[PDB]
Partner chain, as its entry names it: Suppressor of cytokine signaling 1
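Here you get one chain, nothing else, as structure tokens; it is the form deposited without the partner chain.
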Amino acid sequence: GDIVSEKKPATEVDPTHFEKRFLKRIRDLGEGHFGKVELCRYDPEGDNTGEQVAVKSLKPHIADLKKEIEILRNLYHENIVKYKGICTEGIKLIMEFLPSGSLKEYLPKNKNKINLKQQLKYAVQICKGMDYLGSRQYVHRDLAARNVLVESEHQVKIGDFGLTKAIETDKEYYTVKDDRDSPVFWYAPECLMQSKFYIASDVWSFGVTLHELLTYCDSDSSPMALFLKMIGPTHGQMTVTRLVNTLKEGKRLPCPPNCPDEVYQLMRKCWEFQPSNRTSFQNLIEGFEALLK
């Protein structure tokens, strides 16, 4: 008889499925280690009215990006950047686009608008996001101002999860294997020395991130600039060991200009050499809130 074909089942629309053919690249936002993020417009109507979105893709580790996507897809918190969907055949992660960019872009341009009180409020928000992440048994491993996005003058969000790892149930840390592109000047001693990563290691990084926030992310005051001034900028492959030794002696980043001692002491509690001696995110929140009232 007639050409037998297949009966077509009724098509549903998945709002988390972005078709490659409507995803139009505008410009680069940043580079991770495994990958890069681009500003696109998703423009199915083809008239430049579609929503702007941030698109993470691999540099030509698919497994790692898929893991990152599954982590982010299931995080729900006002201080964590929103997952929007994926674009598949390879895969791309689609996230909300925050036009103000990271604290690295925003702070230098808005010093006059952002005073100590607003800085402490951002600090509380970063801790709340991080505490949420820790409650889900994750270690972030890349907490720095460049990964903290500005939603508005009043709100920030943790905006990248490229290095985030699950801590095994009943275990206390994650053991790192690939460490070549580590942000060593944000890293706690146990991370540097033994490649172990605790929730307390993220508390250490938070301290460094707070330092950046308090210096308005100026490049001449960045943790790297300041540490290389402390240990020497010409040690090449001995840099990390020199860093470890400086930290062993008790040396830390100095108090930022105009930063009250009481804020600097909260920062120093993040940098206890021993993980078990460091403050917690919940204690930091309490400390900041007390300074705000």
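Only the largest set of C-alpha atoms that superpose within 1.5 Å between the two forms is called the rigid core. Residue numbers count along the first chain shown, from 1.
As for the form deposited with the partner chain bound, it is not shown, yet the points below apply to it.
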Name the single residue among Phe161, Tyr122, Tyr187, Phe206 that comes within 4.5 Å of the partner chain in the bound PDB entry, judging by heavy atoms. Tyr187
Which of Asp218, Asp178, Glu153, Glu78 has a heavy atom within 4.5 Å of the partner chain in the bound PDB entry? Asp178
Choose one stretch from 78-86, 207-215, 178-186, 113-121: the one whose residues place a heavy atom within 4.5 angstroms of the partner chain in the bound PDB entry. 178-186
Please determine whether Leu192 contacts the partner chain in the bound PDB entry, using a 4.5 Å cut-off between heavy atoms. yes
Can you work out whether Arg242 and the partner chain are in contact in the bound PDB entry, taking contact to mean some heavy atom pair no more than 4.5 Å apart? yes
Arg146: heavy atom within 4.5 Å of the partner chain in the bound PDB entry? yes
Quick check on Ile62: any heavy atom within 4.5 Å of the partner chain in the bound PDB entry? no
Across 224-239, the residues having a non-hydrogen atom within 4.5 Å of the partner chain in the bound PDB entry turn out to be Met224, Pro233, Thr234, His235, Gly236, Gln237, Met238, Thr239
Just one entry of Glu78, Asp218, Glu153, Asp179 has its C-alpha move 2 Å or more between the shown form and the other one under rigid core superposition, and it is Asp179
Determine whether the C-alpha of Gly32 shifts by 2 Å or more between the shown form and the other one once the rigid core is superposed. yes
Superposing on the rigid core, is the Cα displacement of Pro233 between the shown form and the other one 2 Å or more? yes
With a difference of at least 3 Å, the CA distance of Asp179 and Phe273 in the bound PDB entry shows the atoms farther
